[PDB]
């Protein structure tokens, strides 16, 4: 089973996650994310840095972006 969905405002931005095998959005723009064998996650803007969950990867992407719109 995939992780649960989530939806929150983090540092002023809307981050959403949902099983699809899992999708993350930052202000409605899809963020590429991937699950590692051990259960951790990364995103395309943090692709060498495992974090425990997809919400953690979304939050890490908001931290990385420093307010920048994500590109599809």
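Numbering follows the first chain given and starts at 1.
Check: According to the entry, are there none, 1 to 3, 4 to 9, or 10 or more residues of the deposited sequence without coordinates between residue 20 and residue 21?
Finding: Gap between residue 20 and residue 21: 10 or more unmodelled residues.
Next item on the list: Going by the average Cα B-factor in the PDB entry, point out whether 54-62 or 7-15 comes out higher.
Entry: According to the entry, 7-15 carries the higher average C-alpha B-factor.
Notebook entry, point to check: Hey, what third does residue 33 fall into on Cα B-factor, ranked over its chain?
Noted result: Answer is middle: the recorded C-alpha B-factor places it there.
Notebook entry, point to check: Where does residue 45 sit by CA temperature factor within its chain: lowest, middle or highest third?
Noted result: According to the entry, residue 45 has a C-alpha B-factor in the chain's highest third.
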